[PDB]
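[1] so I've got this experimental structure, pasted below with the sequence.
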Amino acid sequence: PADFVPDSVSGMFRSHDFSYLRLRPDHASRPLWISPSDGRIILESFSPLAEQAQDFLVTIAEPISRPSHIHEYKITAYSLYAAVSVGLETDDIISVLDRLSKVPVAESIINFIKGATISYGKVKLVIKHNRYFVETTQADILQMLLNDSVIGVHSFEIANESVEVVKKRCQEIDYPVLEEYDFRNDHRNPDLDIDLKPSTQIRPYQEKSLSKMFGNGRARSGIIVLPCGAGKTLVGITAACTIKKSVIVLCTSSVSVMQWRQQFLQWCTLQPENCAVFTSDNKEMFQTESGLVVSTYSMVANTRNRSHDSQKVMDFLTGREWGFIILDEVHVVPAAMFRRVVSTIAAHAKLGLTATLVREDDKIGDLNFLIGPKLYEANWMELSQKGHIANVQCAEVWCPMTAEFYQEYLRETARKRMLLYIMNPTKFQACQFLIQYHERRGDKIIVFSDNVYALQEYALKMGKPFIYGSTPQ
Amino acid sequence: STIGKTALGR
Amino acid sequence: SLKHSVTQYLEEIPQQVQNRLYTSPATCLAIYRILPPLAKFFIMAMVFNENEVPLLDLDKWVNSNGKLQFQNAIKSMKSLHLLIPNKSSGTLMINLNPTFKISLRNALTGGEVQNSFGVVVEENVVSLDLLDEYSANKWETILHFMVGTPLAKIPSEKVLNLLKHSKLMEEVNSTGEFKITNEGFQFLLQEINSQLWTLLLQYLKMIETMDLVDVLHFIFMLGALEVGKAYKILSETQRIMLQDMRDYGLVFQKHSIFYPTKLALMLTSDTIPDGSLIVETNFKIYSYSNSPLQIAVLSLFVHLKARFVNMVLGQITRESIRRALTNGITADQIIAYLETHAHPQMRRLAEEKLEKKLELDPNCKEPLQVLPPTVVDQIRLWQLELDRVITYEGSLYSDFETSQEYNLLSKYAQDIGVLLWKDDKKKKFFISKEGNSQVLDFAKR
Amino acid sequence: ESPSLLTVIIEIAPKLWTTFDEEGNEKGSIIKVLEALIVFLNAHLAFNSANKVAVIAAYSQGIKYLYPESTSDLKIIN
Amino acid sequence: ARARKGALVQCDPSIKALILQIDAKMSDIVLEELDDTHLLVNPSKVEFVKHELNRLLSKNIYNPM
Ligand SMILES: Nc1ncnc2c1ncn2[C@@H]1O[C@H](COP(=O)(O)OP(=O)(O)O)[C@@H](O)[C@H]1O
Ligand code: BEF
């Protein structure tokens, strides 16, 4: 910003006027706009090189919103940490960014990339016989790590429970840790020979997701985000099949435990002998050299009351050094005690699989050091137009409450207010009319209702089945 | 787009 | 509504004043171009013959299919009094105005013109660097002072007085500020040609005692002048008129010779795009425009977030729409601006959806919407939110001694269209404050 | 409604016009036709401001474009 | 036949409750009740109630930030 005359409308932009820079004649081809201050990126999806930069931009910049025409991306420190992991240096990013940016990358943006792109690749955390060693390839790091007030070729031990603390300390300190597993050269851990049967098919978007995880050849620890129904189950199966080691799957449900195992049996060639399900019904553990455990976070996160039947399983899980862990619906792992399973269970690689990577509290960002950075994210619209997922005509129906009910609405307290407007007569008419209209069309209708009392009232009058927590499996 | 029509119910 | 507006103003002028108006060939030539094509055809035939033609003959020229156009043409010509219908010898003879006929004859045949088109000083100036810049900036300044955006050089009192008293840019001393109205947004929407006439037409009504014909005379010949040329100096009223013309950026003076500008020529009905913006589901606006005027008008109902040299990016928000609605801008107008300033890409994708819609079922052909329907629904819904409460001022009537009296009073109010609401059970009815006196007057009677 | 283009193909040649004068009693009748054409073209231009005019003269040894003049002046009109 | 100054307010059943509820705390708001969808209110309070109603209705409408 030097020698630029403000415009008469510059007042409307409160320090957001980024016209101080100039535009090159090649603006017609370059598809990237960059905000010199906020780091925002505006991408043209109707210009040449759109597909050229659609993958490069996603790796470096997380998506804030990707509507039909104009895609919006933002560069953040966490996003860069994910990008620098997969063989990316500042020079490559700067060269490509200038080659694609309509507006020059400002010094502030240049400064931001330099700081966060140089720290990666100087500290590694390894696991040996259930003993965690913070190994460093250079001796200079000992004067920085061993002298840290929190902690406690050179390798030193660290408490398993302290992992949740040191990893945060690693983020706070200049050097963050990376979890890379060299399964090719790992022979101590027994292998599991399983490969996808010929009937299996690998979709391109899944193939891209796997490539982002196996880019350098060493299994990474991170999160894979794909839209609901994209086939995350096969992504986990492929990851388990390629690693060929001891594996485990954690899901926050009982019915889903059977679903994952059912998909596992049909897609891969694992024999039933090596698969054990650890749920409230059966708790037997495989005695073969290696196998799979498809359990739930509730069983592994419990600490206080474990019975003899489950205690033996816990010792079996803890005693052996596992190689892989799959966290289906990983958007609930950073909870108060669900996160304890990550530390308690020893594994050289961790995979997260959640369709939605958001939650009400600000603990979503904690997933970076619990399981790793974000590897790949798939756009919902792109898969929808490719025939991989269905299209939805989302609608919001406005149902004005009747006068009589609304009279009590004003007086009634908030706690009972919910129950008051949940069973308004107008909504009953809309739900009944919509259900009948779609039933005539021949549509399979699912009605969701968080309020159990409202759910029962709807079903009892309408004479339709209802399912809620108290019902058995 | 139904914004100019009446309400639903009754 | 350009030819309609100019033509309609001429009709209201008394015939006595119109005859004097047709004295100069220049104004007659300009008025000639305003009539419908059929009217011009008849006029050209009648200008060069000093004779009388019966009415029926001109009807014979028009074919049966084009019979309807004949009615409009003759009606338009008669209203302006250009055509004088004379009836004699049992036949309705038709003749042309002697002043108009002579005026047109001189212009076409190059007769004595009394310097109606002006003179040439042979001292030209660069049009692109000076004429275009001066008028563009001067017209730019007035527009900015109208849209409300801050600007250093406020317009002079002359144009300022015209804007206030007119429907444009309503102002209140108590508020101490100027804001746009419903007509003001339409004025911005209208193209430059109609934008200029609205100010000029309002000025023509503003002038008092300055002759109406003289101001009309000056305006018409101004378009006849060609940009990038000198024109030496005219009526006494035209002198002060010429100086006032500079306020609107139509004529440039160094401090004896006046130069017409692009706007001056454009006045006489002369025959990616800048301003195009992307409207999408996320309520994000990406206007590929680089100009303060376009930015200022967008900010009326768009919450701007940042600006680049090539474009300006912003977001539609509930606050932004309500701000425009409060001033008086209607939602239908807003969508019109969005639709008429659409990006070419939006049309193609919308057409692609239409093509697929036709492919699946070609029996339905709905009007295509360039921008997603969700934005339209939300914007209109917000308008409904502002119109949530409807209130009328007036009085209430009650305690009628006889039911017949109540019916009689209520019936009369309905007859004069001042009855708002009524209830037979309560024998009560509410009437608007405007018609309160009328209902009370009937009650006494 | 819309601008229109008028192209006048005037066939001027002394042999064609000289015979016309000899048979009749009018001398220099080409001026009368030429004068009428000038007003006629002006009348066409007066119909609309966005219409163009073109005149092509077919002389004895070929054709030539009178208007618009090629890019490759006496006073005759006021 | 007394001209009781007031604003003829026409409203939907939902809004009607608001005016009644607003009148409950502030008695002077509503002068009298006309019908289910019609009301008569103090002309002076019209400016205040409209802004007051918007604030109450503003709460149930979400704001991004
Ligand atoms: N590559 C594929 N081949 C066959 N079916 C697939 C493939 N990818 C996904 N599916 C199907 O998609 C559906 C959802 O799969 P699932 O892994 O449960 O999705 P997610 O866990 O992402 O919600 C299942 O019917 C599954 O068989
Ligand atoms: F529906 Be999936 F498991 F995201």
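    Cool, the structure landed. Numbering: from 1, shown residues only, chains lettered A, B, ... in the order given. Ligands and ions are numbered 1, 2, ... in the order given.
[2] which helix or which strand is home to the residue in chain D positioned nearest to chain C?
    Among all residues of chain D, residue D:50 sits closest to chain C, at 3.9 Å; criterion: Cβ to the nearest Cβ. Backbone N, C-alpha and C define where each C-beta goes, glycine included. Here residue D:50 sits in a region with no helix or strand, counting by DSSP states H and E.
[3] what residue in chain C comes nearest to chain A?
    For chain C, Cβ to the nearest Cβ, closest residue to chain A: residue C:306, 3.9 Å.
[4] same thing with chain D?
    residue D:71 (31.7 Å).
[5] need the three-state assignment for that residue.
    At residue D:71 the chain is in coil, as set by DSSP: H, G, I helix; E, B strand; the rest coil.
[6] residues contacting residue A:195?
    By Cβ atoms under 8 Å, 6 or more residues apart in numbering or on different chains, the contact set of residue A:195 is A:241, A:268-269.
[7] now with 10 Å?
    The contact partners of residue A:195, taken as Cβ atoms under 10 Å, 6 or more residues apart in numbering or on different chains, are A:241-242, A:244, A:268-270.
[8] could you tell me how many residues sit around residue C:3?
    14 (other Cβ atoms under 10 Å in any protein chain shown).
[9] which helix or strand contains it?
    Counting by DSSP H and E, residue C:3 is found in helix C:2-12.
[10] pull up the distance across stretch C:427-445, start to finish.
    One end of stretch C:427-445 sits 20 Å from the other (Cα to Cα, to the nearest Å).
[11] can you name the farthest residue from the center of chain A?
    What lies farthest from the middle of chain A is residue A:404; by Cα atoms, centre = their mean that is 46.6 Å.
[12] please report phi then psi for it.
    Torsion angles at residue A:404 (phi, psi; degrees, to the nearest 10) stand at phi -60, psi -50.
[13] show me what the helix holding residue C:3 is packed against.
    Judged by 3 or more Cβ pairs under 10 Å, 6 or more residues apart in numbering or on different chains; DSSP states H and E, the packing partners of helix C:2-12 are helix C:15-21, helix C:25-32, helix C:67-79, helix C:192-206, helix C:212-224.
[14] does stretch A:453-468 reach chain B?
    No - on the criterion Cβ under 10 Å from any Cβ of the partner chain, stretch A:453-468 is out of touch with chain B, staying 16.6 Å away.
[15] so which bits of that stretch are buried?
    Using 16 or more other Cβ atoms under 10 Å in any protein chain shown as the test for burial, stretch A:453-468 gives A:455, A:457-459.
[16] show me where chain D has its strands.
    Counting by DSSP state E, the segments of chain D that form strands are D:6-10, D:53-59, D:62-67.
[17] same question, chain E
    With DSSP E as the criterion, chain E has strands spanning E:6-10, E:30-35, E:38-41.
[18] what does chain C give?
    Going by DSSP E, chain C shows strands at C:53-54, C:83-88, C:91-96, C:171-172, C:177-178, C:251-252, C:259-260, C:277-279, C:284-287, C:303-307, C:312-315, C:390-397, C:419-423, C:428-432.
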